[PDB]
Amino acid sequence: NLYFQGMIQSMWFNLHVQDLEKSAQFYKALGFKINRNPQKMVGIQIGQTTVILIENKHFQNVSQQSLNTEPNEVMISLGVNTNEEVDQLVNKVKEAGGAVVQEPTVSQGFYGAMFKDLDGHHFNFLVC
């Protein structure tokens, strides 16, 4: 029902990337499902949560604003079942060319780790 559901049907995220193919390769290495719809963007997905990766110049044009040199607006959390899996995933981030800012440890009552992708986007693995 319109009154109960409201006027906003869905919500999804868009991130800027310098190189679509290099980013798609980084996320594919991490086990993300990569979607390429031909109808200059790549879709990354975990379960049913969707992130659209948009090439830098196109993102700048659509946002009508310049990009940040060191972006720190968002923190993307990634739920993981075990501590051992976070340890494996952190090594996969290092091999894929990402930067590990916080090595696996217990922080704020949870075991986890924190890293940046190829474009400085912050992610945190969380055992939950």
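Heads up: residue numbers just count along the shown sequence, starting at 1.
The modelled chain is continuous from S66 to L67, since every residue of the deposited sequence in that stretch has coordinates. Once the C-alpha B-factors are averaged per stretch, 101-109 and 115-123 rank with 101-109 first. Per the PDB record, of the two stretches 5-13 and 21-29, 21-29 carries the greater mean B-factor over its C-alpha atoms.
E55: CA B factor in the middle third of modelled residues in this chain (values from the PDB entry).
Ranked by C-alpha B-factor against the other modelled residues of its chain, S77 falls in the lowest third.
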